[PDB]
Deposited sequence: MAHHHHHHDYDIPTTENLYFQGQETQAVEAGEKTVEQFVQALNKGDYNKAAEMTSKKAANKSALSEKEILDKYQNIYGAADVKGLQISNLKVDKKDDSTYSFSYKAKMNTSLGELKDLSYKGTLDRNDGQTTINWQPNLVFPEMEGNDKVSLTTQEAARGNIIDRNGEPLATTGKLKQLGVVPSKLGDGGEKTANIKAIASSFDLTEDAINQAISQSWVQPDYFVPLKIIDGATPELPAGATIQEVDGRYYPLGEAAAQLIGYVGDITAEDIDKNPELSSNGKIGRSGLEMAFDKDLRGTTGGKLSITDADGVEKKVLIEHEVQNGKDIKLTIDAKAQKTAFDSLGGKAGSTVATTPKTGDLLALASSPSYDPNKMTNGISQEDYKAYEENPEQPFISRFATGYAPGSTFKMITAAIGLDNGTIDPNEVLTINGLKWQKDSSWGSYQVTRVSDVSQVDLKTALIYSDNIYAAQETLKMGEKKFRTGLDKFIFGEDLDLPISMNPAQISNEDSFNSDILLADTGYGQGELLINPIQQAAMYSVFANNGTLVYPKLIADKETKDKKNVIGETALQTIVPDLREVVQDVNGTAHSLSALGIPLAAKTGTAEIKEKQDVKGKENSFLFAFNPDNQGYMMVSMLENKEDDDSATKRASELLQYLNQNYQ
């Protein structure tokens, strides 16, 4: 009756740590009612349930009925979450009076009687590190600065209020937040009461150094690594093995490898008699430390790649294309993962969600039209099937071309005016009209046959969430304009930067495609004969001219004095434009880079921003 709600209100209050509210629901202390006074009951739950971090108390099969006119009986099954994980199949039983709960020790844990105690031993498992190809930390334990207060040094009355106000407005907190922290239940006068992580102290405010998850590259590798947060009951819902007070990965590799990284915390939750002699083991685990995970990433390359994007929207992928190691996976703009993982205000989180440039997106894992860099793939395909002859010269006048008036107002646009265009000229000058006309001359069937040799439709063996690359939306183009547009990397093509680096690896591998790899020990995987050796010996020398020719679209990189083959490109979206650079060392095939600027501002380019990373990759990856 009203007793089913009393039992429910009681468990609910336990489930929110309101032990005081639980105690107030109990009968008075008498032989046939409660075993302890309301004050001793409060202290019992605070000591036991507080220490074991009990949360997620959920009950079922609540059965209640009359025994006496004044007393009902109740019974139910319960699960809870603790520091050593979930306890389930707990059968609870007792009686109510009038309505109040006749409190007894077995309403803490079911087999508890009289003066039984609870003993908890815990041994912290260490979360594994994510480290780069040389052992530098990407996700690790750091020494963190913790703001807190000693309530006995805050002063008295009005001076306490002034110190709490100074603390709240000198460390961006609320005075209300401070007072809850001080109030709680476990607090004592000279206890250090933690308040916040921070990276002039009013009286009573101190800083202690504490271990915590730490990301040394900060925003520079934030999308890839991700961050950890506090475990909630929904997480334990999904996974019972989860400790109630642990950390769980919330995005990136921290979330993709959470089970590997977290290990298992260890200890023993048990009921003893008043002397400490074990009566029942509730939970027993051996501690297991998490596994460290070693990436192909080069931290210095990662930081250079991110910084060179200058907070603008874009991405950079660097690889060693013969083995497929990913040396950098940069996405910009970014978020601060150390703030995501520590105190994160709703003021700043929504600011990250408001941003129209969306710093949360992993742009290296996001499909884009690859842009006119892709002419070099269309070229390879047409050199192979014979449709493209590198000695043929097309006559192209002006900046705009259209097959006929069925294209309406749509026209393919190129950048400059040289009117006798062969393949090499098309690649050096980035002539989209050449490419569009070849592609139409190939025909969809030959073009798709060549495209099918790459990795469209494939899911990559990578611990990064992403969609397979697509040629178009449907199985056919069903449009001459879409076929032409795809020829120079527009249309409905969608290829993310890692997929693009995979496809472009064929120029460093004599026509074999090498699959990207992020885990350092994983085996190199590849795919033979994606482009013919014919095509490759025509195209790489031209791509050298993209740099070496005075009018080559990447001629500014010639001044670096390092061996380079490159292709620039743009993708236009009906007046937003993306800018691309593809570059690798064609002397030693030591490295490869693909770089994008999304929605580029005027006079900006991926190429204008590549030099420092190319100098670093050239020096270190031969």
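Enquirer: Quick one: where does the model skip the deposited sequence?
Expert: Missing CA coords at 1-28, 127-130, 232-235, 611-616.
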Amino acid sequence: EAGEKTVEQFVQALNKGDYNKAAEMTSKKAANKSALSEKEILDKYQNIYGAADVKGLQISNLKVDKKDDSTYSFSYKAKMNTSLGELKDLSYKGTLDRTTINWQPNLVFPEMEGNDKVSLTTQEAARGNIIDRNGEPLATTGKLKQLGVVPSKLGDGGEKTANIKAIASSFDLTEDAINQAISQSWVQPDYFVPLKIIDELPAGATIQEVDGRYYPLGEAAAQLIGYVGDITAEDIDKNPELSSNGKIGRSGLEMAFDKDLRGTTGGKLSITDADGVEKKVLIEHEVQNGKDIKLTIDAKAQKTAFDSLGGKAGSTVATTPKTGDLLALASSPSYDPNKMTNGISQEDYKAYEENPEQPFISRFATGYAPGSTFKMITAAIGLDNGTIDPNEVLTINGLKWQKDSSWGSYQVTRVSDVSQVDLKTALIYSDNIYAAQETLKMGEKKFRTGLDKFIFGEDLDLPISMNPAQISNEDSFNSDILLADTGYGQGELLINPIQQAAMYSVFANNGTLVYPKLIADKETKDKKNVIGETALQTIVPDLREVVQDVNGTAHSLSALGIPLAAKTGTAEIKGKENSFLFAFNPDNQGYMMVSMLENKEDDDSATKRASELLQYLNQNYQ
From here on, numbers count along this sequence of modelled residues.
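Enquirer: Is the mean CA B factor in the deposited entry higher across 17-25 or across 604-612?
Expert: If you average the C-alpha B-factors of 17-25 and of 604-612, the larger mean comes out for 17-25.
Enquirer: Averaging CA B factors per stretch from the PDB record, which one is higher: 145-153 or 493-501?
Expert: Going by the record's values, the stretch with the higher mean is 145-153.
Enquirer: Taking the values straight from the PDB record, which of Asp404, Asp307, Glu474, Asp542 has the highest C-alpha temperature factor?
Expert: The record points to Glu474.
Enquirer: Report the option among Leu483, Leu513, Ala168, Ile225 whose CA atom has the maximum B-factor in the deposited record.
Expert: Highest C-alpha B-factor among the listed residues goes to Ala168.
Enquirer: For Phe360, does the deposited CA B-factor place it in the lowest, middle or highest third of the chain?
Expert: Ranked within chain, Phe360 CA B lands in the middle tercile.
Enquirer: Using the B-factor values recorded in the entry, state whether the Cα atom of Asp132 falls in the lowest, middle or highest third among the modelled residues of its chain.
Expert: Tercile = lowest for this residue's CA B-factor.
Enquirer: Classify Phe454 as lowest, middle or highest third according to the C-alpha B-factor given in the PDB entry, relative to its own chain.
Expert: Within its chain, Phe454 is a lowest-third residue by C-alpha B-factor, going by the deposited values.
Enquirer: Within this chain's modelled residues, let me know which third the CA B factor of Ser183 belongs to: lowest, middle or highest.
Expert: It falls in the top third of the chain.
Enquirer: Per the entry's values, where does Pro563 land by CA temperature factor relative to the rest of its chain, in the lowest, middle or highest third?
Expert: Lowest third.
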